[PDB]
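Heads up, the thing below is written out as structure tokens.
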2 protein chains.
Amino acid sequence: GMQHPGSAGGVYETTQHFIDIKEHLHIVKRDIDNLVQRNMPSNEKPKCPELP
Amino acid sequence: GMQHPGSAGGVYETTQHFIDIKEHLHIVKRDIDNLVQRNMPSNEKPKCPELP
């Protein structure tokens with residue numbers, strides 16, 4: 001009964017889901033890093049023009 | 001063909017895979033915190049220099 005053929009895939013589909021989530025979390029990680037790098041609080045405080 | 005299916009290590013595979021998502025999620029979660037704590041309002045204010 002467990003040896004007869006049937007619908008297959010409960011570990012193989014499972015592992016493919018693990019890779020897809022890891023890829024999606026990597027894309028989210030990269031997009032957060034790009035947004036953070038575009039919001040740099042460097043040593044460039046707002047240069048108000050000096051009065052003549 | 002039951003006690004020796006050649007897929008016992010899959011039991012060691014999938015659960016390990018779970019930890020991967022957790023780690024990745026944790027990384028992503030940390031990044032989200034590194035965004036959120038950088039977008040929270042603060043008592044520090046962009047004080048423009050006072051006019052003489």
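Ordered as shown in the structure tokens, chains take letters A, B, and onward, while each chain numbers its residues from 1 and ligands are numbered from 1 in the order shown.
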
Using only C-alpha atoms, tabulate the residues of chain B lying at most 10 Å from any atom of chain A, each with its closest atom pair and that distance in Å to one decimal, by chain and increasing residue number, as a tab-separated table.
residue	atom	partner	partner_atom	distance
B:1	CA	A:3	CA	7.6
B:2	CA	A:3	CA	7.8
B:7	CA	A:11	CA	9.6
B:10	CA	A:11	CA	7.3
B:11	CA	A:11	CA	8.9
B:13	CA	A:15	CA	8.6
B:14	CA	A:15	CA	6.8
B:17	CA	A:18	CA	6.5
B:18	CA	A:18	CA	7.5
B:20	CA	A:22	CA	7.7
B:21	CA	A:22	CA	6.3
B:22	CA	A:22	CA	9.7
B:23	CA	A:22	CA	9.6
B:24	CA	A:25	CA	6.6
B:25	CA	A:25	CA	6.9
B:26	CA	A:25	CA	10.0
B:27	CA	A:29	CA	7.8
B:28	CA	A:29	CA	5.7
B:29	CA	A:29	CA	9.1
B:30	CA	A:29	CA	9.7
B:31	CA	A:32	CA	6.8
B:32	CA	A:32	CA	7.4
B:34	CA	A:36	CA	8.4
B:35	CA	A:36	CA	7.0
B:38	CA	A:36	CA	8.9
B:46	CA	A:46	CA	9.0
B:48	CA	A:48	CA	8.1
B:49	CA	A:48	CA	8.4

Kindly export the residues of the current selection with N, CA, C and O atoms, as a compact mmCIF listing (two decimals), in the first residue's frame.
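Okay, this is what ended up in result04.txt:
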# COMPACT_ATOMS: atom_id res chain seq x y z
N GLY B 1 11.92 -2.34 1.01
CA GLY B 1 11.82 -1.05 0.36
C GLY B 1 11.12 0.00 1.20
O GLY B 1 10.77 1.07 0.69
N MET B 2 10.92 -0.29 2.48
CA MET B 2 10.26 0.64 3.40
C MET B 2 11.20 1.19 4.46
O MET B 2 11.32 2.42 4.60
N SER B 7 15.95 7.89 1.78
CA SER B 7 15.49 9.26 1.99
C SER B 7 15.36 9.60 3.47
O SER B 7 14.58 10.49 3.83
N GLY B 10 16.53 13.13 4.14
CA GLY B 10 15.54 14.17 3.89
C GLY B 10 14.89 14.67 5.17
O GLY B 10 14.54 15.85 5.28
N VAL B 11 14.74 13.78 6.16
CA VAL B 11 14.30 14.19 7.49
C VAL B 11 15.31 15.15 8.10
O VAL B 11 14.94 16.14 8.75
N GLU B 13 17.11 16.96 6.18
CA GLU B 13 17.19 18.06 5.22
C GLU B 13 16.17 19.14 5.54
O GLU B 13 16.54 20.28 5.87
N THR B 14 14.88 18.78 5.51
CA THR B 14 13.78 19.74 5.51
C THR B 14 13.79 20.62 6.76
O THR B 14 13.68 21.85 6.65
N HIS B 17 16.38 23.07 6.49
CA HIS B 17 15.87 24.09 5.58
C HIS B 17 15.03 25.12 6.31
O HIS B 17 15.13 26.32 6.03
N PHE B 18 14.24 24.66 7.29
CA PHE B 18 13.39 25.57 8.07
C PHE B 18 14.24 26.63 8.76
O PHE B 18 13.94 27.83 8.67
N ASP B 20 17.01 27.78 7.86
CA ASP B 20 17.46 28.71 6.83
C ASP B 20 16.50 29.88 6.69
O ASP B 20 16.91 31.04 6.84
N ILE B 21 15.20 29.58 6.51
CA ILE B 21 14.21 30.65 6.38
C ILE B 21 14.22 31.52 7.62
O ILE B 21 14.29 32.75 7.52
N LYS B 22 14.28 30.88 8.80
CA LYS B 22 14.32 31.60 10.07
C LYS B 22 15.48 32.58 10.07
O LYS B 22 15.28 33.79 10.22
N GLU B 23 16.68 32.07 9.72
CA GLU B 23 17.86 32.92 9.65
C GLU B 23 17.65 34.04 8.66
O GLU B 23 17.79 35.23 9.01
N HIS B 24 17.17 33.69 7.46
CA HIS B 24 16.93 34.69 6.43
C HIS B 24 15.88 35.68 6.89
O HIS B 24 16.09 36.90 6.81
N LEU B 25 14.80 35.16 7.50
CA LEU B 25 13.75 36.04 8.01
C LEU B 25 14.32 36.97 9.06
O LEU B 25 14.11 38.18 9.00
N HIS B 26 15.15 36.41 9.96
CA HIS B 26 15.77 37.20 11.00
C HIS B 26 16.60 38.31 10.39
O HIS B 26 16.43 39.49 10.74
N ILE B 27 17.39 37.97 9.36
CA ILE B 27 18.20 38.96 8.66
C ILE B 27 17.29 40.04 8.08
O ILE B 27 17.45 41.23 8.38
N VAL B 28 16.24 39.60 7.37
CA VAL B 28 15.31 40.54 6.77
C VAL B 28 14.61 41.34 7.85
O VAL B 28 14.51 42.57 7.75
N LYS B 29 14.23 40.67 8.95
CA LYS B 29 13.57 41.37 10.05
C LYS B 29 14.48 42.43 10.63
O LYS B 29 14.06 43.58 10.83
N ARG B 30 15.77 42.09 10.79
CA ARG B 30 16.73 43.06 11.29
C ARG B 30 16.83 44.25 10.35
O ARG B 30 16.79 45.40 10.80
N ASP B 31 16.85 43.98 9.04
CA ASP B 31 16.92 45.05 8.06
C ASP B 31 15.69 45.94 8.16
O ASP B 31 15.81 47.17 8.12
N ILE B 32 14.52 45.33 8.39
CA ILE B 32 13.30 46.11 8.54
C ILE B 32 13.40 47.00 9.77
O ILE B 32 13.06 48.19 9.73
N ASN B 34 16.24 48.05 10.95
CA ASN B 34 17.22 49.06 10.54
C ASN B 34 16.61 50.09 9.60
O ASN B 34 17.19 51.17 9.43
N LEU B 35 15.46 49.79 9.00
CA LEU B 35 14.72 50.82 8.31
C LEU B 35 13.82 51.59 9.28
O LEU B 35 13.83 52.82 9.29
N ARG B 38 15.26 53.99 11.61
CA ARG B 38 15.77 55.14 10.88
C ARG B 38 14.67 56.01 10.29
O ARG B 38 14.98 57.05 9.69
N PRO B 46 15.90 69.16 12.86
CA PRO B 46 16.82 69.86 11.96
C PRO B 46 16.86 71.36 12.24
O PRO B 46 16.22 72.15 11.53
N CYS B 48 17.79 74.77 11.87
CA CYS B 48 18.47 75.72 11.01
C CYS B 48 19.15 76.78 11.88
O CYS B 48 18.66 77.08 12.98
N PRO B 49 20.28 77.33 11.44
CA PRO B 49 20.97 78.36 12.25
C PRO B 49 20.10 79.59 12.44
O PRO B 49 19.40 80.03 11.53

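Once chain A has been superposed on chain B by least squares across all Cα atoms, the two differ by an RMSD of 2.0 Å.
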
Item checked: chain A: residues DSSP assigns to alpha helix (DSSP H), reported as number ranges by chain -> A: 12-37

Keeping only N, CA, C and O atoms, write the selected residues as a CSV table (one decimal), in the first residue's frame.
chain,number,residue,atom,x,y,z
A,12,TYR,N,10.0,17.1,-2.2
A,12,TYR,CA,10.6,17.7,-3.3
A,12,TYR,C,10.0,19.1,-3.6
A,12,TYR,O,10.7,20.0,-3.9
A,13,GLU,N,8.6,19.1,-3.5
A,13,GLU,CA,8.0,20.4,-3.6
A,13,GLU,C,8.3,21.3,-2.4
A,13,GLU,O,8.4,22.5,-2.5
A,14,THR,N,8.5,20.6,-1.2
A,14,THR,CA,8.8,21.3,0.0
A,14,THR,C,10.2,22.1,-0.1
A,14,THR,O,10.3,23.3,0.2
A,15,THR,N,11.2,21.4,-0.6
A,15,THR,CA,12.5,22.0,-0.8
A,15,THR,C,12.5,23.1,-1.8
A,15,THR,O,13.2,24.1,-1.7
A,16,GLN,N,11.7,23.0,-2.9
A,16,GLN,CA,11.6,24.1,-3.8
A,16,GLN,C,10.9,25.3,-3.2
A,16,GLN,O,11.3,26.4,-3.6
A,17,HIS,N,10.0,25.1,-2.3
A,17,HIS,CA,9.4,26.2,-1.6
A,17,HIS,C,10.5,26.9,-0.7
A,17,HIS,O,10.5,28.2,-0.5
A,18,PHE,N,11.4,26.2,-0.1
A,18,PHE,CA,12.5,26.7,0.7
A,18,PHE,C,13.4,27.6,-0.1
A,18,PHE,O,13.8,28.7,0.4
A,19,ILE,N,13.7,27.3,-1.3
A,19,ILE,CA,14.6,28.1,-2.2
A,19,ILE,C,13.9,29.4,-2.6
A,19,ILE,O,14.5,30.4,-2.6
A,20,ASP,N,12.6,29.2,-2.9
A,20,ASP,CA,11.8,30.4,-3.4
A,20,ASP,C,11.7,31.5,-2.3
A,20,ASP,O,11.8,32.7,-2.6
A,21,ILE,N,11.5,31.1,-1.1
A,21,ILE,CA,11.4,32.0,0.0
A,21,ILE,C,12.7,32.6,0.3
A,21,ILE,O,12.8,33.8,0.6
A,22,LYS,N,13.8,31.8,0.2
A,22,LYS,CA,15.1,32.4,0.4
A,22,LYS,C,15.5,33.4,-0.7
A,22,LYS,O,16.1,34.4,-0.4
A,23,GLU,N,15.1,33.1,-1.9
A,23,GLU,CA,15.3,34.1,-3.0
A,23,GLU,C,14.4,35.3,-2.8
A,23,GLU,O,14.9,36.5,-3.0
A,24,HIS,N,13.2,35.2,-2.4
A,24,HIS,CA,12.3,36.4,-2.1
A,24,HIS,C,12.8,37.2,-1.0
A,24,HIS,O,12.8,38.4,-1.0
A,25,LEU,N,13.3,36.6,0.1
A,25,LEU,CA,13.9,37.3,1.2
A,25,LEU,C,15.2,38.0,0.8
A,25,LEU,O,15.5,39.0,1.4
A,26,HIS,N,15.9,37.4,-0.1
A,26,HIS,CA,17.1,38.0,-0.6
A,26,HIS,C,16.8,39.3,-1.4
A,26,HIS,O,17.5,40.3,-1.3
A,27,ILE,N,15.7,39.2,-2.2
A,27,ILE,CA,15.3,40.4,-3.0
A,27,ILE,C,14.8,41.5,-2.1
A,27,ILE,O,15.1,42.7,-2.3
A,28,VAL,N,14.1,41.1,-1.0
A,28,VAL,CA,13.6,42.1,-0.1
A,28,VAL,C,14.8,42.7,0.7
A,28,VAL,O,14.9,43.9,0.9
A,29,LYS,N,15.8,41.8,1.0
A,29,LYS,CA,17.0,42.3,1.7
A,29,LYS,C,17.8,43.3,0.8
A,29,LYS,O,18.3,44.3,1.3
A,30,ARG,N,17.9,43.0,-0.5
A,30,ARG,CA,18.6,43.9,-1.4
A,30,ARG,C,17.9,45.2,-1.6
A,30,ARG,O,18.5,46.3,-1.7
A,31,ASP,N,16.5,45.2,-1.7
A,31,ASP,CA,15.7,46.4,-1.9
A,31,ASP,C,15.8,47.3,-0.7
A,31,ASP,O,15.7,48.5,-0.8
A,32,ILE,N,15.8,46.7,0.5
A,32,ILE,CA,16.0,47.4,1.7
A,32,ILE,C,17.4,48.1,1.8
A,32,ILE,O,17.5,49.3,2.1
A,33,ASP,N,18.4,47.3,1.4
A,33,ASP,CA,19.8,47.9,1.3
A,33,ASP,C,19.9,49.0,0.4
A,33,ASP,O,20.7,50.0,0.6
A,34,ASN,N,19.2,48.9,-0.8
A,34,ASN,CA,19.3,50.0,-1.8
A,34,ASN,C,18.6,51.2,-1.2
A,34,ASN,O,19.0,52.4,-1.5
A,35,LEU,N,17.5,51.1,-0.5
A,35,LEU,CA,16.8,52.2,0.1
A,35,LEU,C,17.6,52.8,1.2
A,35,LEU,O,17.6,54.0,1.4
A,36,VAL,N,18.3,52.0,2.0
A,36,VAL,CA,19.1,52.5,3.1
A,36,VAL,C,20.3,53.3,2.5
A,36,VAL,O,20.7,54.3,3.0
A,37,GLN,N,20.9,52.7,1.4
A,37,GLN,CA,22.1,53.4,0.8
A,37,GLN,C,21.7,54.7,0.1
A,37,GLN,O,22.5,55.5,-0.1

One number please: atom CA of residue A:43 to atom CA of residue B:42, in Å, one decimal.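 Taking atom CA of residue A:43 as the start and atom CA of residue B:42 as the end point, the length is 18.8 Å.
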